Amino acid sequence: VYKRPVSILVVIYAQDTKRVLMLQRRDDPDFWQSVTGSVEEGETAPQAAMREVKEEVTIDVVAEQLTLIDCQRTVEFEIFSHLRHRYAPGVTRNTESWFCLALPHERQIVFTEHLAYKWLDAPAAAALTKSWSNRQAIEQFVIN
């Protein structure tokens, strides 16, 4: 069914090294990203952020007593041409809200939506992703 054009982004990084967890998409294997996901009907952006973090990298933020920071930033961007097919007819814009998740250390990731994961220094991660909003969020909330 159609993806929804309201989404979240969670920049996951490790507090000690400042390396950024990057995940390799399966629909576009050249697309490495932080965690993104559609906000579903009747759920809030923070709810979606926590749900997608649990789904995509098997990190439970409530149980692990971690802190999902609302970055208080929302941007809108054009859906990539070759991925637009997954949205309702005529949907071309996506509105995305930003979140931060600092883990104490780099760790092993069990992932489900992706092909592979890498821990990268924040400029490398920012330079790797194809999404300008993901790049901006790493620059603004990891690098400072």
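Numbering starts at 1 and runs along the sequence shown.
Q. Comparing 90-98 with 56-64, which stretch shows the greater average C-alpha B-factor in the deposited entry?
A. Mean CA B-factor is higher for 56-64.
Q | 34-42 versus 108-116 - greater average Cα B-factor per the deposited record | A | Result of the comparison: 108-116.
Q) Going by what the PDB entry lists, where does residue 79 fall on CA B-factor within its chain: lowest, middle or highest third? A) For residue 79, whose C-alpha B-factor we compare with every modelled residue in the chain, the answer is the lowest third.
Q: Please place residue 103 in the lowest, middle or highest third of its chain by C-alpha B factor as given in the entry.
A: It belongs to the middle third of the chain when residues are ordered by C-alpha B-factor.
Q | residue 49 CA temperature factor, ranked by third within the chain | A | CA B-factor rank for residue 49: lowest third.
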